[PDB]
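Notes for the one structure printed next.
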Amino acid sequence: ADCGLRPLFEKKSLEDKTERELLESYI
Amino acid sequence: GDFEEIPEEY
Amino acid sequence: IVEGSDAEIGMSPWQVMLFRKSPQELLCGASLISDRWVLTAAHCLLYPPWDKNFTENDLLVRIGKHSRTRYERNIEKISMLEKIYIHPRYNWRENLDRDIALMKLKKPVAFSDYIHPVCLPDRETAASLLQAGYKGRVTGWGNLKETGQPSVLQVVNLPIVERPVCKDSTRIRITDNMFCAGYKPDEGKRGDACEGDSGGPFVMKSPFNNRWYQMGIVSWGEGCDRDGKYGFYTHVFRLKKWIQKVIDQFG
Ligand SMILES: N=C(N)c1ccc(CNC(=O)[C@@H]2CCCN2C(=O)COC2CCCC2)cc1
Ligand code: NA
Ligand code: NA
C-alpha cells in the first residue's frame with residue numbers, strides 16, 4: 001500500500017549509503 | 001543471556 | 001551476516017527479530033509484510049532433525065530494532081503470536097524446498113519511523129528483477145563469521161547468481177522455489193548470510209516505482225562466505241499463491 005517506502009529514506013527523498021549499488025546492477 | 005531483559009509484560 | 005556493515009537507522013524497517021521467551025535469545029530473522037503478518041523461514045520454527053518445533057506461545061516478535069541485545073525502549077515494539085502457518089509441502093527431509101512460514105500477530109503493530117512493511121513482488125516485478133547479476137540486500141543479526149555476534153543489525157548487498165552456477169556449487173538438489181546469491185571467487189568482493197540470519201529478507205529496490213520488495217528469504221547454505229559456495233533463498237514470488245491464500249483465508 002505504502003509498502004516498501006521507508007519513512008527515513010524514500011518518504012523524505014533521502015538515499016541510504018549503498019542503495020545506488022543495487023540500482024547500478026539493474027543493467 | 002547476552003540479551004537485556006524485556007519488560008515482564010511481554 | 002559475514003563481511004557486511006552496520007545498518008543505518010531505519011534502513012530496514014520491515015526487519016523482524018523472532019525471539020525465544022525462555023531462555024531469551026535470538027532465534028531467527030523475519031519480515032513485516034503488513035500490520036499483522038510476519039514472514040519467515042519454515043526451518044526457524046520446524047526442523048525435526050534438530051528437534052526444533054516451536055509453538056506460538058514459545059515466541060515473541062520484536063519490530064523496529066537496531067541493537068541485537070538491547071531492549072530499545074520507545075523504539076522497538078514486541079508482539080505475541082496468534083498463529084503460525086507453515087507451508088504444507090515444506091521439505092525439511094531433503095532440501096528445505098518451500099522454506100516459508102507466516103506468523104499472525106495477536107494485535108496490529110503501529111508503524112513508525114522504524115517500523116514499516118516491505119512489499120511482496122507481483123509477477124512483473126519478479127520477472128524484471130530476478131536476473132543473474134542484479135543485486136539484492138540481506139539483513140540480519142546472525143553470526144559475523146562461520147567459525148562473533150554483532151552489536152547492531154548488519155547489511156550486505158549481493159548479486160543473484162545464474163541457476164547453473166548455483167546447481168554446480170552444491171550436491172544438494174536445488175528447486176525452482178530457491179535462488180542463490182553471492183560473489184564468485186573471481187569477482188573479488190564477498191559477503192553472505194549465516195546462522196541466525198535465517199528467515200530474514202532478501203530485498204531489492206524497484207527502479208520502476210522506487211519501492212522495496214522482498215524477493216527472498218534467508219534459507220540455507222554450506223558454511224558461510226565460502227569461496228565457490230552461495231547462499232540459498234526461498235523464492236518468495238513462487239510461493240505467493242500460498243501466501244495470499246493464507247492471508248485471505250485467515251485475514
Ligand atoms: N551461508 C548462508 N547463506 C547460510 C544461511 C542460513 C543458514 C541457516 N540455515 C540452516 O542452517 C539450514 C536449516 C537446517 C539445515 N540448514 C542448512 O543450512 C544446511 O543443511 C542442508 C541445506 C539444505 C537442507 C539442509 C545457514 C547458512
Ligand atoms: Na550440483
Ligand atoms: Na561464497
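As shown in the C-alpha cells, the chain order sets the letters A, B, ...; within each chain, residues go from 1, and ligands are also counted from 1 in the order they appear.
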Write out as a PyMOL selection string each polymer residue (protein, DNA or RNA) that has an atom no more than 6 Å from ligand 2, with only C-alpha atoms and all ligand atoms counted. chain C and resi 167-171
If the limit is 6 Å from any atom of ligand 3, counting only C-alpha atoms and all ligand atoms, which residues qualify? Return them as a PyMOL selection string. chain C and resi 182-183+225-230
Skipping near chain neighbours, those fewer than 3 positions away, what residues fall within 6 Å of segment 7-19 of chain A using only C-alpha atoms, listed as an MDAnalysis selection string? (chainID A and resid 22) or (chainID C and resid 10 113)
Please identify all protein, DNA and RNA residues within 8 Å of ligand 1, counting only C-alpha atoms and all ligand atoms, and report them as a VMD selection string. chain C and resid 43 to 44 47 50 92 to 96 172 192 to 198 218 to 226 229 to 233
Save out the residues we just selected, N, CA, C and O atoms, as a short mmCIF file (atom, residue, chain, number, x, y, z; two decimals), in the first residue's frame.
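See selection_13.cif below for the written result:
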data_model
loop_
_atom_site.label_atom_id
_atom_site.label_comp_id
_atom_site.auth_asym_id
_atom_site.auth_seq_id
_atom_site.Cartn_x
_atom_site.Cartn_y
_atom_site.Cartn_z
N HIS C 43 12.06 -23.33 8.54
CA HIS C 43 13.05 -24.04 9.34
C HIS C 43 13.28 -23.31 10.66
O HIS C 43 13.80 -23.93 11.58
N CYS C 44 12.91 -22.05 10.79
CA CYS C 44 13.04 -21.28 12.01
C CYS C 44 12.14 -21.83 13.11
O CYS C 44 12.33 -21.71 14.32
N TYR C 47 12.03 -28.02 12.44
CA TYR C 47 13.14 -28.72 11.80
C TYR C 47 13.51 -29.95 12.65
O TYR C 47 14.44 -29.99 13.44
N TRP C 50 16.73 -31.50 14.15
CA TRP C 50 17.41 -30.82 15.25
C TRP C 50 16.50 -30.70 16.46
O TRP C 50 16.76 -29.92 17.37
N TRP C 92 11.52 -30.48 4.74
CA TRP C 92 12.60 -30.49 5.73
C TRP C 92 13.44 -31.76 5.64
O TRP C 92 14.52 -31.83 6.21
N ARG C 93 12.88 -32.75 4.96
CA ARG C 93 13.56 -34.05 4.91
C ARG C 93 14.74 -34.05 3.96
O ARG C 93 15.75 -34.72 4.17
N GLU C 94 14.60 -33.29 2.86
CA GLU C 94 15.67 -33.39 1.86
C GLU C 94 16.42 -32.09 1.64
O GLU C 94 17.64 -32.03 1.84
N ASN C 95 15.73 -31.03 1.21
CA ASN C 95 16.46 -29.85 0.76
C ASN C 95 15.88 -28.50 1.16
O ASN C 95 16.32 -27.47 0.62
N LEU C 96 14.92 -28.49 2.07
CA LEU C 96 14.32 -27.22 2.51
C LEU C 96 13.52 -26.56 1.41
O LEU C 96 13.24 -25.35 1.44
N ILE C 172 23.45 -30.68 -3.16
CA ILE C 172 22.03 -30.67 -2.83
C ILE C 172 21.16 -30.45 -4.06
O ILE C 172 21.54 -29.75 -5.01
N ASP C 192 28.00 -12.84 2.83
CA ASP C 192 27.00 -13.89 2.89
C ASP C 192 26.15 -13.70 4.14
O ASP C 192 26.55 -12.97 5.03
N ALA C 193 25.04 -14.42 4.13
CA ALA C 193 24.18 -14.62 5.27
C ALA C 193 24.82 -15.76 6.08
O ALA C 193 25.69 -16.41 5.51
N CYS C 194 24.40 -15.95 7.31
CA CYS C 194 24.96 -17.01 8.16
C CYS C 194 23.93 -17.42 9.20
O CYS C 194 22.83 -16.87 9.23
N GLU C 195 24.29 -18.37 10.04
CA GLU C 195 23.45 -18.79 11.14
C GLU C 195 22.92 -17.59 11.93
O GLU C 195 23.70 -16.70 12.26
N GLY C 196 21.64 -17.59 12.20
CA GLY C 196 20.99 -16.50 12.90
C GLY C 196 20.32 -15.50 11.95
O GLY C 196 19.42 -14.82 12.44
N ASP C 197 20.77 -15.44 10.71
CA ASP C 197 20.19 -14.64 9.64
C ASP C 197 18.96 -15.29 9.01
O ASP C 197 18.16 -14.58 8.39
N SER C 198 18.83 -16.60 9.17
CA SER C 198 17.69 -17.41 8.82
C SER C 198 16.38 -16.65 8.98
O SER C 198 16.16 -16.05 10.03
N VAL C 218 16.15 -15.71 3.70
CA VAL C 218 17.38 -16.44 4.03
C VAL C 218 17.05 -17.88 4.38
O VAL C 218 16.30 -18.12 5.33
N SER C 219 17.60 -18.87 3.67
CA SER C 219 17.16 -20.25 3.94
C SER C 219 18.30 -21.19 4.33
O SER C 219 18.27 -21.79 5.41
N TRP C 220 19.30 -21.35 3.49
CA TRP C 220 20.38 -22.30 3.80
C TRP C 220 21.63 -22.01 2.99
O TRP C 220 21.65 -21.24 2.05
N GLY C 221 22.71 -22.67 3.41
CA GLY C 221 23.99 -22.55 2.76
C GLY C 221 24.90 -23.61 3.45
O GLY C 221 24.48 -24.20 4.44
N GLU C 222 26.05 -23.75 2.86
CA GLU C 222 27.04 -24.71 3.35
C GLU C 222 28.22 -23.90 3.82
O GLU C 222 28.99 -23.35 3.02
N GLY C 223 28.34 -23.79 5.15
CA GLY C 223 29.30 -22.82 5.67
C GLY C 223 28.68 -21.43 5.46
O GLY C 223 27.49 -21.39 5.16
N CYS C 224 29.49 -20.40 5.61
CA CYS C 224 29.18 -19.00 5.42
C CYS C 224 30.36 -18.32 4.74
O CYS C 224 31.48 -18.44 5.24
N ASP C 225 30.08 -17.67 3.62
CA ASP C 225 31.01 -16.89 2.83
C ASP C 225 32.18 -17.75 2.36
O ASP C 225 33.30 -17.25 2.33
N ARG C 226 31.91 -19.00 2.00
CA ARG C 226 32.99 -19.82 1.45
C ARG C 226 33.19 -19.56 -0.03
O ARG C 226 32.21 -19.46 -0.76
N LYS C 229 30.87 -21.16 -2.93
CA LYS C 229 29.58 -21.51 -2.37
C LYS C 229 28.72 -20.24 -2.34
O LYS C 229 29.27 -19.14 -2.40
N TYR C 230 27.42 -20.45 -2.29
CA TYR C 230 26.45 -19.36 -2.44
C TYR C 230 25.36 -19.55 -1.41
O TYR C 230 25.07 -20.66 -0.97
N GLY C 231 24.73 -18.44 -1.00
CA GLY C 231 23.63 -18.58 -0.07
C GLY C 231 22.36 -18.89 -0.86
O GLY C 231 22.22 -18.39 -1.98
N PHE C 232 21.49 -19.68 -0.26
CA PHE C 232 20.21 -20.02 -0.88
C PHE C 232 19.06 -19.35 -0.14
O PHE C 232 19.05 -19.32 1.09
N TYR C 233 18.13 -18.84 -0.91
CA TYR C 233 16.96 -18.06 -0.60
C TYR C 233 15.70 -18.69 -1.15
O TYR C 233 15.60 -19.13 -2.30
#
9 Å contact set for residue 240 of chain C, only C-alpha atoms, chain neighbours under 5 positions out, as a PyMOL selection string: chain C and resi 120-122+235+245
Take the residues from that selection and write them out as an mmCIF file, in the first residue's frame, keeping N, CA and C atoms.
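Result written to result18.cif:
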data_model
loop_
_atom_site.group_PDB
_atom_site.id
_atom_site.type_symbol
_atom_site.label_atom_id
_atom_site.label_comp_id
_atom_site.auth_asym_id
_atom_site.auth_seq_id
_atom_site.Cartn_x
_atom_site.Cartn_y
_atom_site.Cartn_z
ATOM 1 N N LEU C 120 5.577 -7.263 -1.280
ATOM 2 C CA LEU C 120 5.790 -8.576 -1.892
ATOM 3 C C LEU C 120 5.639 -8.412 -3.400
ATOM 4 N N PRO C 121 6.473 -9.108 -4.150
ATOM 5 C CA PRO C 121 6.514 -8.911 -5.588
ATOM 6 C C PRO C 121 5.276 -9.491 -6.293
ATOM 7 N N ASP C 122 4.890 -8.812 -7.350
ATOM 8 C CA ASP C 122 3.960 -9.185 -8.391
ATOM 9 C C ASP C 122 4.729 -9.929 -9.466
ATOM 10 N N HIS C 235 12.274 -18.503 -2.824
ATOM 11 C CA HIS C 235 11.799 -17.655 -3.926
ATOM 12 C C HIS C 235 10.403 -17.183 -3.579
ATOM 13 N N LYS C 245 -3.420 -16.997 -0.159
ATOM 14 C CA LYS C 245 -4.451 -17.898 0.331
ATOM 15 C C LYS C 245 -4.513 -17.846 1.848
#
Residues of chain C within 6 Å of chain B, counting only C-alpha atoms, what are they? List them as a ChimeraX atom specification. /C:69-71
Could you dump the residues just selected with N, CA and C atoms as a PDB file, in the first residue's frame?
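Output file part.pdb is given in full below:
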ATOM      1  N   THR C  69      21.125  -7.029  21.200  1.00  0.00           N
ATOM      2  CA  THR C  69      20.830  -7.449  22.575  1.00  0.00           C
ATOM      3  C   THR C  69      20.035  -6.463  23.419  1.00  0.00           C
ATOM      4  N   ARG C  70      20.081  -5.178  23.090  1.00  0.00           N
ATOM      5  CA  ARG C  70      19.422  -4.164  23.911  1.00  0.00           C
ATOM      6  C   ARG C  70      17.912  -4.171  23.789  1.00  0.00           C
ATOM      7  N   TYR C  71      17.206  -3.815  24.866  1.00  0.00           N
ATOM      8  CA  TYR C  71      15.786  -3.527  24.808  1.00  0.00           C
ATOM      9  C   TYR C  71      15.575  -2.059  24.422  1.00  0.00           C
TER      10      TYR C  71
END
Any chance you could list, as a ChimeraX atom specification, the residues in segment 36-143 of chain C that come up strand (DSSP E or B) when DSSP is run on the backbone? /C:37-40,46-47,52-53,59-63,67,77-86,91,97,101-105,119,135-140
Can those selected residues be exported to a file as a compact mmCIF listing (two decimals), in the first residue's frame so that it contains N, CA and C atoms?
# COMPACT_ATOMS: atom_id res chain seq x y z
N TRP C 37 1.00 -9.32 9.90
CA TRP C 37 1.58 -10.53 9.36
C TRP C 37 3.10 -10.39 9.21
N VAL C 38 3.76 -11.46 9.61
CA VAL C 38 5.21 -11.58 9.56
C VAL C 38 5.58 -12.83 8.74
N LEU C 39 6.58 -12.67 7.88
CA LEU C 39 7.04 -13.74 7.00
C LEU C 39 8.38 -14.23 7.52
N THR C 40 8.57 -15.56 7.56
CA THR C 40 9.89 -16.03 7.95
C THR C 40 10.17 -17.34 7.21
N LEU C 46 10.25 -25.10 12.52
CA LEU C 46 10.12 -26.55 12.46
C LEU C 46 11.30 -27.17 11.72
N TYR C 47 12.03 -28.02 12.44
CA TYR C 47 13.14 -28.72 11.80
C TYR C 47 13.51 -29.95 12.65
N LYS C 52 13.72 -29.30 16.48
CA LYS C 52 13.16 -27.95 16.53
C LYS C 52 11.69 -27.96 16.12
N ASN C 53 10.83 -27.47 17.01
CA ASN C 53 9.39 -27.41 16.75
C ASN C 53 8.71 -26.38 17.63
N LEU C 59 7.30 -18.02 21.55
CA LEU C 59 7.99 -16.97 20.85
C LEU C 59 7.41 -15.57 21.02
N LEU C 60 8.27 -14.59 20.76
CA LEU C 60 7.92 -13.19 20.58
C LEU C 60 8.53 -12.64 19.28
N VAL C 61 7.83 -11.69 18.68
CA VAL C 61 8.33 -10.88 17.58
C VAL C 61 8.72 -9.47 18.04
N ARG C 62 9.92 -9.05 17.69
CA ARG C 62 10.45 -7.74 18.03
C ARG C 62 10.72 -6.93 16.75
N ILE C 63 10.01 -5.82 16.61
CA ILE C 63 9.97 -4.99 15.41
C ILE C 63 10.49 -3.60 15.72
N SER C 67 19.74 -2.45 17.63
CA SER C 67 20.56 -3.25 18.53
C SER C 67 20.07 -4.69 18.62
N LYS C 77 8.91 -2.45 19.17
CA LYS C 77 7.64 -2.99 19.56
C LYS C 77 7.79 -4.51 19.70
N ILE C 78 7.18 -5.07 20.74
CA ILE C 78 7.30 -6.52 20.96
C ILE C 78 5.92 -7.13 20.87
N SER C 79 5.75 -8.13 20.02
CA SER C 79 4.44 -8.71 19.75
C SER C 79 4.38 -10.22 19.99
N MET C 80 3.18 -10.64 20.32
CA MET C 80 2.75 -12.00 20.58
C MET C 80 2.14 -12.64 19.33
N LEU C 81 2.33 -13.96 19.24
CA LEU C 81 1.81 -14.71 18.11
C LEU C 81 0.42 -15.27 18.38
N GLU C 82 -0.47 -15.03 17.45
CA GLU C 82 -1.80 -15.59 17.38
C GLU C 82 -1.70 -16.97 16.73
N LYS C 83 -1.02 -17.01 15.57
CA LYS C 83 -0.98 -18.28 14.86
C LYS C 83 0.19 -18.34 13.88
N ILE C 84 0.76 -19.53 13.78
CA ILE C 84 1.83 -19.84 12.85
C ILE C 84 1.29 -20.69 11.71
N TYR C 85 1.61 -20.38 10.47
CA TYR C 85 1.32 -21.16 9.28
C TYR C 85 2.61 -21.55 8.54
N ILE C 86 2.85 -22.84 8.46
CA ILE C 86 3.98 -23.41 7.73
C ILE C 86 3.51 -23.97 6.40
N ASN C 91 9.70 -29.04 2.60
CA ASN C 91 10.52 -30.24 2.54
C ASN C 91 11.74 -30.19 3.47
N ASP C 97 13.09 -27.34 0.43
CA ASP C 97 12.16 -26.80 -0.56
C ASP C 97 10.94 -26.19 0.10
N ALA C 101 7.12 -19.68 6.09
CA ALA C 101 6.05 -19.74 7.08
C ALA C 101 5.54 -18.31 7.30
N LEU C 102 4.27 -18.22 7.66
CA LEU C 102 3.64 -16.96 8.05
C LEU C 102 3.32 -16.98 9.54
N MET C 103 3.41 -15.82 10.16
CA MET C 103 3.01 -15.64 11.55
C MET C 103 2.00 -14.50 11.63
N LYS C 104 0.91 -14.75 12.34
CA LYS C 104 -0.12 -13.73 12.57
C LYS C 104 0.04 -13.17 13.98
N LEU C 105 0.03 -11.85 14.12
CA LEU C 105 0.21 -11.19 15.42
C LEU C 105 -1.13 -11.08 16.14
N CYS C 119 7.17 -4.59 0.57
CA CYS C 119 6.26 -5.10 -0.43
C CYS C 119 6.59 -6.54 -0.85
N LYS C 135 21.66 -7.10 -8.01
CA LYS C 135 21.92 -7.19 -6.58
C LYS C 135 20.68 -6.93 -5.76
N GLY C 136 20.58 -7.71 -4.68
CA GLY C 136 19.63 -7.55 -3.62
C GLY C 136 20.40 -7.29 -2.32
N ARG C 137 19.65 -7.13 -1.24
CA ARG C 137 20.18 -6.76 0.05
C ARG C 137 19.69 -7.71 1.13
N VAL C 138 20.60 -8.21 1.96
CA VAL C 138 20.21 -9.12 3.03
C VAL C 138 20.60 -8.50 4.36
N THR C 139 19.77 -8.67 5.37
CA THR C 139 19.98 -8.01 6.65
C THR C 139 19.78 -9.00 7.77
N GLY C 140 20.50 -8.80 8.89
CA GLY C 140 20.21 -9.72 9.98
C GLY C 140 21.17 -9.56 11.17
Name the residues of segment 24-218 of chain C that fall into helix (DSSP H, G or I) according to DSSP on the backbone, using the chain letters and numbers of this document, as a ChimeraX atom specification. /C:42-44,48-50,56-58,123-129,163-168,185-187
Could those residues be written to a file, using C-alpha atoms, as an mmCIF file, in the first residue's frame?
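Saved the output as part.cif:
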data_model
loop_
_atom_site.group_PDB
_atom_site.id
_atom_site.type_symbol
_atom_site.label_atom_id
_atom_site.label_comp_id
_atom_site.auth_asym_id
_atom_site.auth_seq_id
_atom_site.Cartn_x
_atom_site.Cartn_y
_atom_site.Cartn_z
ATOM 1 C CA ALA C 42 9.833 -22.546 7.988
ATOM 2 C CA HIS C 43 13.054 -24.044 9.337
ATOM 3 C CA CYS C 44 13.036 -21.282 12.013
ATOM 4 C CA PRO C 48 12.824 -32.252 13.153
ATOM 5 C CA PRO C 49 16.443 -33.334 12.571
ATOM 6 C CA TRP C 50 17.408 -30.816 15.250
ATOM 7 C CA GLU C 56 3.046 -19.754 19.133
ATOM 8 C CA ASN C 57 3.441 -19.300 22.879
ATOM 9 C CA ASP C 58 7.157 -20.160 22.652
ATOM 10 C CA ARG C 123 4.783 -11.338 -11.432
ATOM 11 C CA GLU C 124 6.189 -8.409 -13.476
ATOM 12 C CA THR C 125 8.460 -7.042 -10.758
ATOM 13 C CA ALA C 126 9.823 -10.547 -10.179
ATOM 14 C CA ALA C 127 10.419 -11.101 -13.860
ATOM 15 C CA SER C 128 12.347 -7.852 -14.203
ATOM 16 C CA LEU C 129 14.380 -8.023 -11.019
ATOM 17 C CA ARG C 163 20.988 -21.159 -11.806
ATOM 18 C CA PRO C 164 23.647 -23.434 -13.436
ATOM 19 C CA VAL C 165 26.325 -21.936 -11.190
ATOM 20 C CA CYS C 166 24.003 -22.376 -8.195
ATOM 21 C CA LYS C 167 23.437 -26.015 -9.057
ATOM 22 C CA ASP C 168 27.109 -26.767 -9.736
ATOM 23 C CA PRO C 185 35.819 -16.162 -6.278
ATOM 24 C CA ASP C 186 36.866 -14.253 -9.371
ATOM 25 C CA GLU C 187 34.675 -11.231 -8.609
#
So how many Å separate atom CA of residue 5 of chain A and atom CA of residue 144 of chain C, to one decimal?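 Here the two named atoms are 28.2 Å from each other.
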One decimal, Å: what's the distance from atom CA of residue 41 of chain C over to atom CA of residue 151 of chain C, could you say?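 If I compute the distance from atom CA of residue 41 of chain C to atom CA of residue 151 of chain C, I get 23.2 Å.
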